[PDB]
Amino acid sequence: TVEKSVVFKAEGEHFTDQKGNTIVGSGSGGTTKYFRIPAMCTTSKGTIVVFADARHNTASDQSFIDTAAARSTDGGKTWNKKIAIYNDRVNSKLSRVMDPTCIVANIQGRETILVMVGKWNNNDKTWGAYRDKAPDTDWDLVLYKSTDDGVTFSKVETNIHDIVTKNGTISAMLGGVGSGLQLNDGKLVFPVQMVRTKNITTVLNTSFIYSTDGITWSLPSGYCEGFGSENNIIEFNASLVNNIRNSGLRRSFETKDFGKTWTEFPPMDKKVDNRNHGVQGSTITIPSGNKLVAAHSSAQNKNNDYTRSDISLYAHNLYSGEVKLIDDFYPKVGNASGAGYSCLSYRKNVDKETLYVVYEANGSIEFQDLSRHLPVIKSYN
Ligand SMILES: CC(=O)N[C@H]1[C@H]([C@H](O)[C@H](O)CO)O[C@H](P(=O)(O)O)C[C@@H]1O
Ligand SMILES: [K+]
């Protein structure tokens with residue numbers, strides 16, 4: 001409802017641990033230093049829930065991180081904040097939970113918010129460097145859920161570690177970043193990225209995990225090419241279509257056999273250029289009559305580097321393959337320490353449609369209401 005607000009302020013937030021003691025970060029006055037990787041979900045009550053890495057000491061990936069959650073019930077004007085998932089606190093310099101992917105769904109009639117993050121404790125190198133073990137012993141992928149509209153989160157005892165181990169060719173797995181989805185048949189789907197074991201020629205692959213109850217998960221038999229691995233999936237008729245990060249042009253593939261084989265999807269394949277290094281992007285579908293339109297956000301990256309400037313909203317015509325820039329909502333050069341990520345959230349509650357975005361803005365996480373752009377996006381079919 002509000003047009004724009006700051007969800008998490010770099011060097012402006014103070015969080016407390018499980019015992020009620022304040023977490024003294026490296027920010028001014030002992031605040032959390034930097035926020036990254038925003039994920040957002042809107043509920044049937046109109047509640048906006050935002051998750052993000054609370055990188056307490058540094059913006060670097062291998063650092064002390066907790067998953068923060070902010071909840072707004074007044075259209076994004078004010079935010080109630082807290083830590084949703086705490087890292088294990090084994091290593092004060094490296095313990096972390098990171099890269100959230102959320103899903104808002106109705107599981108057997110109960111509206112649930114699921115959040116999945118990767119967890120590490122002693123690894124001091126980038127996750128893609130660990131390929132000797134199946135899986136890496138330092139790694140874990142945890143899932144938390146909220147059944148009270150984002151107020152409290154609880155760990156879900158899942159079989160995810162089991163399926164990865166059983167596969168035997170996966171060193172580590174992570175969510176695609178941003179948001180997953182609930183299919184028409186009710187199944188929950190989390191797009192995933194995976195680092196394969198050393199013997200596999202392809203270092204990274206993309207796929208997804210699915211579940212009916214959110215407790216028992218499955219992995220399909222096939223694998224999609226990895227590229228920059230971060231990705232989102234959308235349901236289009238009887239297909240699952242992904243949108244993957246890649247240095248240069250984004251890639252898009254579709255499965256018509258539920259994860260067994262993937263072929264490039266022309267309407268979205270190589271349509272948006274993120275330039276050097278690539279960036280994570282959010283891709284969701286928006287209904288228009290009895291048709292669908294895909295809305296997407298990622299950085300134009302005008303400096304062709306890690307600054308990832310100009311985080312923009314695009315509309316993808318799934319039928320014709322046309323693409324159009326709808327709005328450059330953050331037309332600024334980002335902080336090379338960590339920038340460019342975003343997450344879109346569309347929802348139609350009763351007769352009210354809303355389109356929101358959450359994105360990285362120089363260490364902080366900002367929110368913008370993009371609903372005014374819906375008529376233009378919805379006409380792209
Ligand atoms: C688990 C993890 O490391 N996530 C980080 C990834 C990852 O290192 C790369 O995607 C290579 O796998 O990098 C991005 P970015 O630096 O491109 O902004 C920040 C993420 O927090
Ligand atoms: K990185």
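Just the heavy atoms: all of them, side chains too, but no hydrogens, waters or symmetry mates, feed the values below. For reference, positions follow the sequence shown, starting with 1. Numbering of ligands and ligand atoms starts at 1, following listing order.
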Among all protein heavy atoms, pick the one closest to [atom] and tell me residue, atom and distance.
atom: atom 16 (O) of ligand 1; answer: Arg36 NH2, 3.5 Å
atom: atom 11 (C) of ligand 1; answer: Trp127 NE1, 4.2 Å
atom: atom 14 (C) of ligand 1; answer: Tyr341 OH, 3.2 Å
atom: atom 5 (C) of ligand 1; answer: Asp61 OD2, 3.6 Å

If the plane angle is over 60° it's perpendicular, under 30° parallel, otherwise tilted; pick one for [X] and [Y].
X: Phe8; Y: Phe35; answer: parallel
X: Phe227; Y: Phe253; answer: parallel
X: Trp120; Y: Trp127; answer: perpendicular

Given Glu230, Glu360, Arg245, which has its nearest heavy atom closest to atom 17 (O) of ligand 1?
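Looking at heavy atoms only, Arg245 sits closest to atom 17 (O) of ligand 1.
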
Within the structure, does [X] bring an N/O atom to less than 3.5 angstrom of an N/O atom in ligand 1?
X: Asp99; answer: yes
X: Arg55; answer: yes
X: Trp120; answer: no
X: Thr126; answer: yes

Stepwise, does the salt bridge (charged side-chain N to carboxylate O under 4.0 Å, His left out) test hold for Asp369 with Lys4?
CA-CA 6 Å; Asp369 180 352; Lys4 181 194 182 70; over 6 Å; no

Indicate, with yes or no, if the rings of [X] and [Y] have centres closer together than 6.0 Å.
X: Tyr380; Y: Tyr314; answer: no
X: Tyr341; Y: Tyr359; answer: no
X: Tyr86; Y: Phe153; answer: no
X: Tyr210; Y: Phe190; answer: no

Would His277 count as a contact of ligand 1 if the rule is a heavy atom under 4.0 Å away?
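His277 does not count as a contact of ligand 1 under the 4.0 Å cut-off.
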
Assess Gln280 for proximity to ligand 1: is some non-hydrogen atom of it under 4.0 Å away?
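For ligand 1, residue contact (heavy atoms, under 4.0 Å) with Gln280 is absent.
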
Heavy atoms from other residues, nucleotides or ligands near NZ of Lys256 exceed 12 (cutoff 6.0 Å)
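Atom NZ in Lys256 is not crowded, with 12 or fewer foreign heavy atoms closer than 6.0 Å.
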
Might you confirm whether atom CD of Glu225 has over 12 heavy atoms from other residues, nucleotides or ligands at distances under 6.0 Å?
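For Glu225, atom CD is not crowded (no more than 12 foreign heavy atoms under 6.0 Å).
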
Numbering the atoms of ligand 1 from 1, which are under 4.0 Å from a heavy atom of [X]?
X: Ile37; value: 21 (O)
X: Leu174; value: 1 (C)
X: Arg308; value: 15 (P), 17 (O), 18 (O)

Taking heavy atoms and a distance under 4.0 Å, where does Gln193 meet ligand 1: side chain, backbone, both or neither?
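For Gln193, no heavy atom sits under 4.0 Å from ligand 1.
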
Could you tell me which N, O or S atom of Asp61 is nearest to the K ion (ligand 2)?
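Nearest N/O/S atom: OD2.
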
Would you say that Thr165 contacts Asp162 through its side chain, given a criterion of any heavy-atom pair below 4.5 Å between the two side chains?
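SC-SC contact between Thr165 and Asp162 ruled out.
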
Would you say atom 19 (C) of ligand 1 makes contact with the protein, given that contact here means a non-hydrogen protein atom less than 4.0 Å away?
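There is a protein heavy atom less than 4.0 Å from atom 19 (C) of ligand 1.
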
